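Down below is the structure, laid out as structure tokens.
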Protein chains: 4
Amino acid sequence: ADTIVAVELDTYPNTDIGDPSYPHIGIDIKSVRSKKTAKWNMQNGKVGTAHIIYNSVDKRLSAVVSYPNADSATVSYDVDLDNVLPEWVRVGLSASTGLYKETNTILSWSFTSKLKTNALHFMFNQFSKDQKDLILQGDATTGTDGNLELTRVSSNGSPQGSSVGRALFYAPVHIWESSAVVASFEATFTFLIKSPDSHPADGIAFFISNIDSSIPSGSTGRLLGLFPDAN
Amino acid sequence: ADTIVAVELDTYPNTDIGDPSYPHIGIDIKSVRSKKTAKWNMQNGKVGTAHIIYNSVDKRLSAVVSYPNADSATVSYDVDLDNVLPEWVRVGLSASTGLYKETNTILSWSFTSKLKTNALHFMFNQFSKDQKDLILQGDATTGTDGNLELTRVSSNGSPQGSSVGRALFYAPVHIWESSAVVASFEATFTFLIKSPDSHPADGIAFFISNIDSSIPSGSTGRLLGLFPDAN
Amino acid sequence: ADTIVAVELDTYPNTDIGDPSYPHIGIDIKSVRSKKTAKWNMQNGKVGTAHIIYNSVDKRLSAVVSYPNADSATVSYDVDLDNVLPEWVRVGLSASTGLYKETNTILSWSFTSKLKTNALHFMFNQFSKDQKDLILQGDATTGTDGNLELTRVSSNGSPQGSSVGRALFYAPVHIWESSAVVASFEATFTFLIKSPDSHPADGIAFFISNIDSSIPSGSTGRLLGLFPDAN
Amino acid sequence: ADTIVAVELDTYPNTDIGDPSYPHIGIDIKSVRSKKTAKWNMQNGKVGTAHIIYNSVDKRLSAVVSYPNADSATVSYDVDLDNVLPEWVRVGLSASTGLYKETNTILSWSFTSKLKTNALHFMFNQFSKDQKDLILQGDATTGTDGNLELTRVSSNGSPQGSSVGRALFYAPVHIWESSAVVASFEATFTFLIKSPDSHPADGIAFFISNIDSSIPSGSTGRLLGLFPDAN
Ligand SMILES: CO[C@H]1O[C@H](CO[C@H]2O[C@H](CO)[C@@H](O)[C@H](O)[C@@H]2O)[C@@H](O)[C@H](O[C@H]2O[C@H](CO)[C@@H](O)[C@H](O)[C@@H]2O)[C@@H]1O
Ligand SMILES: CO[C@H]1O[C@H](CO[C@H]2O[C@H](CO)[C@@H](O)[C@H](O)[C@@H]2O)[C@@H](O)[C@H](O[C@H]2O[C@H](CO)[C@@H](O)[C@H](O)[C@@H]2O)[C@@H]1O
Ligand SMILES: CO[C@H]1O[C@H](CO[C@H]2O[C@H](CO)[C@@H](O)[C@H](O)[C@@H]2O)[C@@H](O)[C@H](O[C@H]2O[C@H](CO)[C@@H](O)[C@H](O)[C@@H]2O)[C@@H]1O
Ligand SMILES: CO[C@H]1O[C@H](CO[C@H]2O[C@H](CO)[C@@H](O)[C@H](O)[C@@H]2O)[C@@H](O)[C@H](O[C@H]2O[C@H](CO)[C@@H](O)[C@H](O)[C@@H]2O)[C@@H]1O
Ligand SMILES: [Ca+2]
Ligand SMILES: [Ca+2]
Ligand SMILES: [Ca+2]
Ligand SMILES: [Ca+2]
Ligand SMILES: [Mn+2]
Ligand SMILES: [Mn+2]
Ligand SMILES: [Mn+2]
Ligand SMILES: [Mn+2]
């Protein structure tokens with residue numbers, strides 16, 4: 001199927017498919033079962049920020065999630081993306097809900113990639129009704145307050161369960177190329193995860209996939225709209 | 001048909017369709033008959049550089065073409081692109097040949113656009129065999145020495161007449177949006193125009209069009225792959 | 001004395017020294033008597049934004065001042081800065097008060113300059129207690145809420161009259177150099193002008209000066225901390 | 001004395017002060033005795049490129065040196081710069097010669113730093129006769145062919161032994177600040193190390209120091225103009 005490398009912000013622990021007993025951030029390499037995780041003290045109702053970075057020198061993929069005036073969670077995983085992903089990929093954001101729900105509102109998102117001396121950079125400090133440079137999939141919608149809502153949110157502002165949505169940047173990104181000395185990318189997005197129930201689910205993720213990636217069927221809930229199964 | 005705003009580097013004067021009696025650079029607003037031109041001392045065989053810029057404050061579109069150790073040609077034209085182009089556009093390079101020919105080799109190309117924020121930036125300091133973020137049209141080919149050849153070039157390196165090709169960046173660009181204080185873009189490309197014959201033709205152009213723009217039929221020669229007619 | 005090119009946001013009209021009968025923005029070229037002005041509907045108590053831009057192609061200096069949900073004021077003036085300013089300059093913000101006062105709080109400030117390719121860029125989305133890359137002059141202070149206060153503000157938050165202060169970026173900026181095809185800069189700052197009295201004064205200005213520029217004596221009030229006299 | 005963090009490109013091995021038996025690149029943390037080194041196949045007469053990077057997420061300082069069509073050398077070292085360097089620093093390039101010599105020509109140099117936001121970026125694709133934003137120390141000179149010569153070179157283009165020179169960017173750089181989630185910098189320079197003799201010396205280095213750093217006395221040769229001794 002698709003080849004997926006993602007940084008997940010997993011709000012709901014699915015101990016049955018290998019998740020730790022608490023909300024966590026993790027690094028997924030072609031599997032929803034994080035290669036590396038870290039505890040994450042999710043703050044329902046507050047706007048968070050996630051910074052992801054990778055560079056060909058270290059070949060280490062790192063992420064840092066933080067809320068203002070609170071400690072951050074950080075997770076890093078050694079991975080050579082040339083052996084994982086194909087040269088050209090698409091980058092995006094994904095999110096799901098299941099029995100439990102939460103809003104998966106993205107307030108902004110940026111990305112920069114350099115293959116050294118080619119570069120790509122985009123920034124969305126706001127989202128429009130018809131964001132033509134975003135390929136929306138699933139329940140994802142834009143213009144919803146100038147925000148990007150990855151999963152279903154009803155008029156009253158409430159999140160719906162069993163929802164899945166993604167947003168991919170329109171242009172393919174040349175993630176690697178052997179003749180390059182330094183290949184690198186970084187991404188950043190602010191989000192607003194808010195759930196009326198005691199247990200929010202399921203999470204948000206930044207991912208890099210094959211250019212023709214699409215939401216696997218049934219990947220609501222714990223699969224975060226990324227994987228076809230829990231393998 | 002398409003809505004075209006372009007900066008042309010016209011190597012061959014077509015006095016019959018309004019061109020001055022010498023190679024020139026010009027500003028085309030929905031017409032191949034430049035709204036404003038400037039004499040251009042084209043240097044056959046040498047790599048040139050073109051810088052184009054527009055900003056919503058001045059609403060002036062300027063371009064500057066130069067060769068090392070030589071003077072530069074400059075042309076500017078007052079235009080409010082909100083009344084000319086649609087909000088979302090695609091940006092690209094185009095080129096043609098006719099009876100007379102020349103190579104229309106692009107060695108690099110970059111573009112940056114900002115709608116104040118929201119930004120887009122790309123840089124091609126080299127072109128690969130399959131540049132997936134470029135939509136090639138006509139005789140345009142990549143990987144041809146790490147270069148982008150807009151028009152036909154045979155094995156021996158010779159240009160072919162009656163050729164037309166374009167290259168558009170894959171993602172749509174939000175060129176304007178009323179709620180913005182400052183909308184602006186700039187582009188830069190280096191090129192290599194070389195022709196074995198005494199009179200090279202026909203030229204190169206940076207253009208901004210409707211997202212679904214394609215080479216008008218028969219637009220080889222003097223139409224620079226931009227316009228359906230000489231109106 | 002000093003060579004000054006500035007974009008002023010004049011909150012108090014000094015009809016005696018050539019000011020129009022209303023708050024206005026203007027372009028000052030070695031004179032406090034604006035070469036070009038434009039009416040400005042200053043909003044006491046609200047955070048404004050100013051965008052300034054210049055490029056060697058047009059040789060036009062433009063500025064745009066705006067408040068959210070309000071129309072903007074724009075002023076442009078044709079000027080070849082190579083004949084006005086020296087190659088190397090320093091850039092900064094300045095402000096004053098006289099009989100009447102107002103807070104001249106700068107909340108952020110950025111600048112980018114390119115001589116093409118050499119470039120300089122800095123951004124202050126916040127100011128620290130000891131901002132070592134800023135040369136503060138006069139009553140200017142930093143750390144004052146993470147903000148830069150150009151003129152005196154007392155504990156209770158009230159502005160003091162007869163105050164003058166400036167803030168210059170530490171490094172000299174190569175504003176021009178004949179061997180360059182395109183020389184250009186742009187600057188942006190957000191401010192908070194608030195005055196308890198019915199008539200706020202005197203204004204804020206972005207300026208470019210000789211590297212060793214300092215506040216002329218007595219330049220409080222209408223001289224905006226830029227000029228030694230009203231000539 | 002000064003606090004120094006540098007990435008050295010050591011062309012001459014000093015086995016007596018802890019150097020491996022071959023030219024190497026290394027990471028120096030307040031000591032000329034590299035915390036981590038890597039073999040470097042220096043190419044006399046060819047222009048090389050060095051990329052250095054650090055980010056607060058990984059807290060790993062990496063460097064990659066490469067010559068076209070040749071393998072690159074890479075060295076990384078885990079270090080938390082908040083415990084090593086002071087908040088505000090100056091960044092620069094340094095170089096020396098001793099009994100043996102070589103040219104230490106820098107053809108270009110760029111640097112970018114971000115504390116998140118707040119940012120600093122500069123680029124020198126060429127150096128002028130009087131580069132006012134560069135603080136030159138020792139035998140360092142600019143305008144020397146549009147290049148920056150860190151150590152003595154004589155009209156005929158020959159390098160002189162026992163030479164030492166540095167070039168620091170004029171403005172202080174806010175390297176760290178506790179209230180920041182992500183602090184990071186990167187630097188890049190191309191160089192031309194050419195020596196007429198059989199055993200070139202001594203090397204070039206990118207360094208970060210206390211703002212008031214200056215070449216320690218006698219630091220020619222193996223001390224690379226960075227350290228007062230070999231401890
Ligand atoms: C029958 O229980 C199984 O399904 C429960 C609901 O599953 C769906 O809803 C959850 C939350 O909205 C979502 O994450 C899933 O992907 C589905 O969309 C689920 O709650 C339950 O898990 C619970 O029990 C297991 C062990 O059985 C634990 O590992 C979990 O952490 C929960 O305690 C299970 O999947
Ligand atoms: C018979 O001459 C007419 O056609 C000539 C060839 O035209 C083709 O080639 C040119 C150049 O490659 C291309 O631009 C055209 O679109 C065709 O593909 C052409 O050379 C010629 O132009 C010249 O003659 C007219 C009339 O004097 C002048 O106005 C021009 O300046 C040229 O001198 C003409 O169109
Ligand atoms: C009539 O008094 C003169 O001086 C007044 C005080 O000037 C000082 O304070 C103002 C306001 O802060 C400042 O701009 C000056 O530089 C001094 O620091 C001044 O208020 C007054 O100006 C007003 O009156 C004249 C004539 O009526 C008008 O031309 C102006 O527009 C003002 O209405 C005057 O210069
Ligand atoms: C007297 O020998 C000692 O100094 C020699 C010269 O030192 C000067 O020159 C070198 C290179 O230009 C420079 O790095 C020094 O700082 C001085 O400027 C030096 O050659 C010699 O070293 C010898 O021993 C070491 C063993 O570690 C070898 O690596 C060297 O190649 C020499 O064999 C010594 O320090
Ligand atoms: Ca889960
Ligand atoms: Ca023509
Ligand atoms: Ca005034
Ligand atoms: Ca050595
Ligand atoms: Mn998980
Ligand atoms: Mn023409
Ligand atoms: Mn005025
Ligand atoms: Mn060493």
Side-chain angles (χ1 to χ4, degrees), chain B residues 8 10-24 32-33 95-102 104 151-152 159 161-164 193 195 197-203 216 218-230, chain D residues 4 6-29 31-40 42 63 65 73 75 77 94-102 104 151 159 161-164 195 197-205 216 218-230:
Chain B
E8 59 167 70
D10 204 335
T11 58
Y12 187 84
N14 301 89
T15 323
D16 50 350
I17 61 156
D19 279 358
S21 320
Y22 44 67
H24 52 287
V32 68
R33 296 183 184 245
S96 69
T97 56
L99 185 58
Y100 304 109
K101 54 206 123 200
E102 74 196 18
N104 290 114
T151 42
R152 283 274 171 261
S162 289
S163 186
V164 180
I193 296 179
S195 163
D197 43 65
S198 24
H199 221 321
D202 274 85
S219 64
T220 50
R222 55 146 100 127
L223 304 180
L224 303 175
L226 301 169
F227 312 96
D229 52 45
Chain D
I4 298 286
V7 167
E8 58 169 72
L9 278 55
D10 202 334
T11 58
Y12 187 85
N14 304 85
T15 326
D16 48 351
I17 61 155
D19 273 4
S21 335
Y22 42 68
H24 51 288
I25 59 178
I27 292 183
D28 307 341
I29 305 296
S31 174
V32 68
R33 298 183 182 245
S34 301
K35 296 302 181 197
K36 188 94 173 304
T37 66
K39 181 178 166 193
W40 173 40
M42 197 275 278
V65 186
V75 66
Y77 184 74
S94 179
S96 64
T97 58
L99 182 61
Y100 304 105
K101 53 207 134 206
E102 76 200 16
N104 291 114
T151 43
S162 287
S163 185
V164 181
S195 161
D197 44 66
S198 22
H199 226 316
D202 275 84
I204 308 196
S219 67
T220 49
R222 55 147 99 127
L223 306 179
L224 302 174
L226 302 169
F227 312 95
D229 52 43

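Excluded from the calculations below are hydrogen atoms, water molecules and symmetry mates; all remaining heavy atoms, backbone and side chain alike, are included. Note on naming: letters A, B, ... go to the chains in the order of the sequence lines (proteins, then strands), and numbering restarts at 1 for each one. Start at 1 and go down the list; that is how both ligands and their atoms are numbered.
The nearest protein heavy atom to atom 12 (O) of ligand 4 is closer than 4.0 Å. Protein heavy atoms are found less than 4.0 angstrom from atom 30 (C) of ligand 4. For atom 3 (C) of ligand 4, no protein heavy-atom neighbour is present inside the 4.0 Å cut-off. There is a protein heavy atom less than 4.0 angstrom from atom 35 (O) of ligand 4. Distance check for atom 23 (C) of ligand 2: a protein heavy atom is found below 4.0 Å. In this structure, atom 26 (C) of ligand 4 has protein heavy atoms in its sub-4.0 angstrom surroundings.
Looking only at side-chain heavy atoms (C-beta outward), D:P20 and D:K39 stay at 4.5 Å or farther from each other. Contact of the B:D19 side chain with the B:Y12 side chain is not registered, since no non-hydrogen atoms from C-beta on lie closer than 4.5 Å. A heavy-atom distance below 4.5 Å is found between the side chains of B:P13 and B:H199. Within the 4.5 Å cutoff, the side chain of D:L226 has heavy atoms near those of the D:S94 side chain. Between D:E8 and D:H24 the shortest side-chain heavy-atom distance falls below 4.5 Å. Under the 4.5 Å side-chain criterion, counting only non-hydrogen atoms from C-beta, B:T11 is not in contact with B:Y100. At least one side-chain heavy atom of D:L224 sits less than 4.5 Å from a side-chain heavy atom of D:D202. Side-chain contact between B:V32 and B:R222 is absent, with no heavy-atom pair separated by less than 4.5 Å.
Rounded to 10°, the angle that NE2 of D:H24 and OE2 of D:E8 form at the Mn ion (ligand 12) is 90°.
For atom 21 (C) of ligand 4, the closest non-hydrogen atom on the protein side is D:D16 OD2, 4.7 Å. Ranking the protein heavy atoms by distance from atom 18 (O) of ligand 2 puts B:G98 CA, 3.6 Å first. Looking only at heavy atoms of the protein, atom 14 (O) of ligand 4 is closest to D:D202 OD2, 2.5 Å. For atom 15 (C) of ligand 2, the nearest non-hydrogen atom of the protein is B:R222 N, 4.2 Å. The protein heavy-atom contact nearest to atom 32 (C) of ligand 2 is B:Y12 OH, 3.5 Å.
Taking any N or O of D:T97, backbone or side chain, none lies under 3.5 Å from an N or O belonging to ligand 4. Polar contact check, B:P13 against ligand 2: a nitrogen or oxygen pair lies under 3.5 Å apart. Residue-to-ligand polar distances place B:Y100 within reach of ligand 2: an N/O pair is separated by less than 3.5 Å.
Closest non-hydrogen pair, B:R33 versus B:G18, comes out as NH1-N, 3.9 Å. When all heavy atoms of D:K101 and D:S195 are compared, the pair lying nearest together is O-OG, 2.8 Å.
One N or O on the side chain of D:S219 and one on the backbone of D:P216 form a donor-acceptor pair closer than 3.5 Å. Looking only at distances, a side-chain donor or acceptor of D:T97 sits under 3.5 Å from a matching main-chain atom of D:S163. Between the side chain of B:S96 and the main chain of B:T220, no donor-acceptor pair closer than 3.5 Å is present.
Every atom of ligand 4 with a heavy atom of D:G221 under 4.0 Å away is listed here by number and element: 13 (C), 14 (O), 16 (O), 18 (O). Atoms of ligand 2 found under 4.0 Å from any heavy atom of B:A201 (numbered from 1 in listed order, with element): 11 (C), 12 (O).
Counting heavy atoms under 4.0 Å from ligand 2, residue B:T15 touches it through both backbone and side chain.
When the N, O or S atoms of D:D10 are ranked by distance to the Mn ion (ligand 12), OD2 comes first.
At a threshold of 2.8 Å, the Mn ion (ligand 12) has a backbone or side-chain N, O or S atom of D:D19 nearer than that distance.
Around atom 7 (O) of ligand 4, the closest heavy atom drawn from D:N14, D:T11, D:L99, D:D197 belongs to D:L99.
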